[PDB]
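Please read the structure below before turning to the comments.
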Amino acid sequence: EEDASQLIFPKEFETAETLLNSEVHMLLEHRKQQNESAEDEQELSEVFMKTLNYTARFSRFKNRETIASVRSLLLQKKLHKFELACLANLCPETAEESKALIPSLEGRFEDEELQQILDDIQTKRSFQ
Amino acid sequence: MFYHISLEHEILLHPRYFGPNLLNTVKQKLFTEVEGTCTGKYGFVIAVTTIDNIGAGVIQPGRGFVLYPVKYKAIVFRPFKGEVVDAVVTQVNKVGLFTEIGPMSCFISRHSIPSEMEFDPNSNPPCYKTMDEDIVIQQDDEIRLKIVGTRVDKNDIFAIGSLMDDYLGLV
Amino acid sequence: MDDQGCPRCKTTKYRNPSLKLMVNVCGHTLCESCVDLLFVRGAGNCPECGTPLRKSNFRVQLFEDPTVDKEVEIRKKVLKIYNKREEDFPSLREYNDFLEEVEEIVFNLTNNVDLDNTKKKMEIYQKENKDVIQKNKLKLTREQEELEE
Amino acid sequence: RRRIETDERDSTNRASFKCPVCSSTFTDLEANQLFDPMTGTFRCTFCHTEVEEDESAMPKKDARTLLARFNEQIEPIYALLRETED
Amino acid sequence: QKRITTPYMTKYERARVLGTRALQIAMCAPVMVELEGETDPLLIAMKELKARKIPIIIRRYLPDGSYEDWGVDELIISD
Ligand SMILES: [Zn+2]
Ligand SMILES: [Zn+2]
Ligand SMILES: [Zn+2]
């Protein structure tokens with residue numbers, strides 16, 4: 056019925072737009088500030104905090120421009136939003152790893168194009 | 001994968017909240033009701049970005065409560081089988097590893113751990129390490145796992161992980 | 001189709017040629033009826049040989065000879081080495097000299113352990129990966145395309 | 111063959127964890143539900159008692175022995191069939 | 049706009065509106081009108097109705113499946 060390795064998803068999640076942990080981190084930090092501002096309002100949930108902690112720890116991009124560049128760059132490529140989300144969220148270092156991690160990635164682009172895209176993403180990444 | 005989607009939800013506003021600040025109360029109540037909850041259809045919903053629309057408030061006969069159908073843009077997470085995801089190991093046992101993925105919890109069975117790994121219970125933090133000691137998997141670590149399957153129960157979602165594939169485990 | 005089949009499920013093979021045998025590093029004939037059991041226990045262990053498989057490692061093949069299956073799999077791997085073209089050698093013996101040991105390695109690897117084979121392959125890889133493998137990769141892929149065309 | 115294939119598929123789907131009180135076997139998918147961190151071990155919700163797993167090797171091995179011999183003994187009929195397909 | 053039903057509140061509408069509004073007040077809903085010494089939620093609902101200040105809209109379903117949302121403040125009360 057559903058299989059990410061086969062890119063099979065329900066219409067509810069196929070028509071939807073994918074978000075990166077760097078993007079979710081920025082949004083959660085924004086929601087945090089939005090919750091920190093106007094004090095004495097409802098406190099944030101443990102799920103939000105757990106997701107924030109998790110998304111921050113695995114956040115591959117720490118700057119607004121790096122997140123926007125990655126998104127705007129990948130949107131130009133003729134790749135599916137799931138493929139692009141997996142690629143930018145997992146950040147595979149090489150084309151072989153990308154094909155290994157995403158068995159559906161094969162055939163969409165040549166090794167040189169695939170590696171060039173990954174190389175750009177690897178250069179745009181923020182390392183701690 | 002995380003997603004941004006418009007969701008349908010119905011708020012049963014109690015009459016005490018009618019009158020002024022009605023819609024303001026519905027907004028506040030929506031965030032409180034949906035944020036931090038999970039549904040098998042859309043997964044866990046982390047935060048509400050905006051509310052698309054507030055429908056007509058139908059007064060429930062006899063109940064007095066008014067039912068407000070709401071359309072709102074929110075961010076959600078749902079794990080799909082045959083997917084690789086980053087995880088943090090929470091507990092390490094001889095039968096398997098318990099891990100967390102944001103709001104989701106994943107269990108990795110021993111049979112899904114690579115043959116090169118071996119459990120080192122004598123270590124202070126219980127961990128699995130390679131024969132050549134090149135990598136070690138323990139509690140509170142950076143790992144990647146393949147979702148073999150996803151489960152939903154008690155308004156919660158939990159997946160099955162595997163580390164047999166390459167580029168998995170400690171990262 | 002003509003062969004009996006897997007040591008366990010030797011019955012559907014007689015029915016139709018649409019079902020194909022699967023080859024593995026262990027050089028053992030396997031198929032879904034048997035493969036499903038290999039995942040419930042061991043998760044990638046040969047039934048009779050017990051040898052573990054790093055992954056599924058299943059590939060479609062239509063050869064009844066398991067030695068050819070292994071030899072082809074080995075051949076395909078070894079062709080990445082020693083495959084420098086004829087212009088590299090001035091003497092007629094050299095054109096087939098390395099092919100002798102290569103064919104010995106390929107053949108011997110079907111039965112003997114790869115300990116010395118991998119060592120020799122690695123000891124030559126350290127030298128051939130620099131230039132000749134880089135050059136022969138281009139020429140091999142080019143001539144392969146010429147063979148396809 | 112379809113029944114044997116069904117029995118083989120069953121041998122692959124058989125539950126691994128089990129409860130000694132109610133004699134119920136649970137699939138490894140329930141492992142996260144059966145494992146209680148307060149106890150540090152697997153337990154049964156109905157029996158509030160320990161759930162075992164290591165015995166799961168027995169059904170996997172045993173079933174293969176019965177199912178495999180079926181093809182070994184039917185060989186005369188298969189040969190006679192191959193000889194009579196015309 | 050484009051309303052065809054009668055502008056008068058039917059006896060049935062008056063009954064349900066008062067019952068529904070009385071129930072909301074009993075459930076401590078805020079009250080629309082200046083009440084004086086009143087405690088019976090049903091008596092308060094009638095005062096709100098006399099003043100035409102009940103905060104309710106009647107969705108009159110037409111036989112063709114269409115409907116007309118008439119505010120209680122728009123209908124002529126039959127009392
Ligand atoms: Zn073998
Ligand atoms: Zn077999
Ligand atoms: Zn029990």
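Chains as they are written, first to last, in the UniProt record's numbering: chain A, 56 to 183; chain B, 1 to 171; chain C, 1 to 149; chain D, 111 to 196; chain E, 49 to 127. Note that beta-carbon positions come from the ideal geometry of N, C-alpha and C, so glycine has one too.
Handout entry: Interface residues of chain B facing residue 130 (chain A) [CB-CB closer than 9 Å]
Key = Correct list: empty, because the minimum Cβ distance to chain B is about 15 Å.
Problem - Span separating the alpha-carbon of residue 120 (chain E) from that of residue 8 (chain B) - result: 29 Å
Practice task
Take residue 195 (chain D) and list the residues in its own chain whose beta-carbon comes closer than 6 Å to its own, dropping the five residues that flank it on each side.
Solution key: none
Handout entry: Same chain only: Cβ atoms within 6 Å of residue 26 (chain C), ignoring 5 sequence neighbours per side
Key = 46, 49, 51
Practice task
Go through the residues and name those whose CB comes closer than 7 Å to any heavy atom of ligand 1, in chain order.
Solution key: C:26, C:27, C:28, C:46, C:49, C:51
Practice task
Could you please give me the residues that DSSP links to residue 28 (chain B) through a beta bridge?
Solution key: DSSP output for residue 28 (chain B) lists no bridge partner at all.
Exercise for the section: In angstroms with no decimal places, state the Cα-to-Cα distance between residue 123 (chain E) and residue 123 (chain A). Expected result: 56 Å
Problem - residue 178 (chain D) versus C:109, C:22, C:33, residue with shortest Cα-Cα distance - result: C:33
Problem - Segment contact, 8 Å Cβ cut-off, at least three pairs: the segment 64-73 of chain E with the segment 37-56 of chain B - result: no
Problem - Neighbouring residues, chain G, relative to residue 52 (chain C) (Cβ below 9 Å) - result: Included in the structure are the protein chains A, B, C, D and E, with no chain G among them.
Exercise for the section: Flag residue 137 (chain A) as yes when its Cβ comes closer than 7 Å to any non-hydrogen atom of ligand 3, and as no otherwise. Expected result: no
Exercise for the section: Please report the residue range of the alpha helix (DSSP H) in which residue 52 (chain B) lies. Expected result: Counting along the chain, residue 52 (chain B) falls outside any alpha helix (DSSP H), though it belongs to the beta strand (DSSP E) covering 43-54.
Problem - Contact residues within the segment 70-84 of chain E, judged by C-beta distance below 7 Å to chain B - result: 71, 72, 75, 76, 77, 78
Practice task
From the DSSP output, read off the bridge partner residues of residue 63 (chain A).
Solution key: A:58
Handout entry: Nonlocal neighbours in the same chain, by C-beta distance under 8 Å from residue 136 (chain C), ignoring five residues either side
Key = 83, 84, 85
Problem - Closer than 7 Å: residue 156 (chain D) CB and nearest ligand 3 heavy atom - result: yes
Exercise for the section: Could you say which of D:161, D:190, D:172, D:120 lies nearest to residue 136 (chain D) if we only look at CA atoms? Expected result: D:161
Practice task
Could you say if the segment 58-77 of chain C and the segment 100-118 of chain C meet the contact criterion of at least three C-beta pairs nearer than 8 Å?
Solution key: yes
Practice task
Whole angstroms is fine: what's the gap from residue 17 (chain B)'s alpha carbon to residue 11 (chain B)'s?
Solution key: 12 Å
Exercise for the section: Over the uninterrupted alpha helix (DSSP H) stretch that includes residue 171 (chain B), give me the two end residues. Expected result: From DSSP, residue 171 (chain B) is part of no alpha helix (DSSP H); its letter is neither H nor E.
Handout entry: Selection of the segment 62-83 of chain A by Cβ proximity to chain B, strictly under 9 Å
Key = 63, 64, 65, 67, 68, 70, 71, 72, 73, 74, 75, 76, 78, 79, 82, 83
Problem - residue 141 (chain A) - containing beta strand (DSSP E), residue span - result: Taken as a continuous stretch (DSSP letters only), residue 141 (chain A) belongs to no beta strand (DSSP E), being part of the alpha helix (DSSP H) at 136-145.
Practice task
Check whether the Cβ atoms of residue 139 (chain B) and residue 125 (chain B) sit closer than 8 Å, and answer yes or no.
Solution key: yes
Handout entry: 6 Å CB neighbourhood of residue 91 (chain B) in its chain, flanking five on each side removed
Key = 98
Problem - Stretch pair the segment 148-163 of chain B + the segment 57-75 of chain B: three plus CB contacts closer than 8 Å - result: no
Handout entry: Chain-ordered residues of the segment 50-62 of chain E with a beta carbon less than 8 Å from chain B
Key = none
Handout entry: Cutoff 7 Å; reference residue 165 (chain B); Cβ partners in own chain excluding five residues on either side
Key = 146
Exercise for the section: May I ask you to report which of helix, strand or coil DSSP gives residue 128 (chain B)? Expected result: strand
Problem - Contained beta strand (DSSP E) runs [length at least 3] in the UniProt zinc finger region "RING-type" (6-50) of chain C, N- to C-terminal order - result: 21-23
Practice task
State the Cα-Cα distance for the pair residue 95 (chain B) and residue 3 (chain B), rounded to the nearest angstrom.
Solution key: 33 Å
Exercise for the section: Could you tell me which of E:96, E:75, E:61 sits nearest to residue 83 (chain E), measuring between CA atoms? Expected result: E:96
Problem - Residues bridged to residue 136 (chain D) (per DSSP) - result: D:127
Problem - Contiguous alpha helix (DSSP H) assignments of at least 4 residues, all confined to the UniProt domain "RNA polymerase Rpb4/RPC9 core" (66-183) of chain A - result: 66-69, 76-91, 101-112, 119-131, 136-145, 150-156, 166-179
Problem - Assigned secondary structure, residue 126 (chain C) (DSSP; H/G/I helix, E/B strand, else coil) - result: helix
Exercise for the section: With a threshold of 16 other CB atoms inside 10 Å of the CB of residue 132 (chain D), please say whether the residue is buried or exposed. Expected result: exposed
Practice task
Report yes or no: do the segment 106-125 of chain A and the segment 58-73 of chain B share at least 3 C-beta pairs separated by less than 8 Å?
Solution key: no
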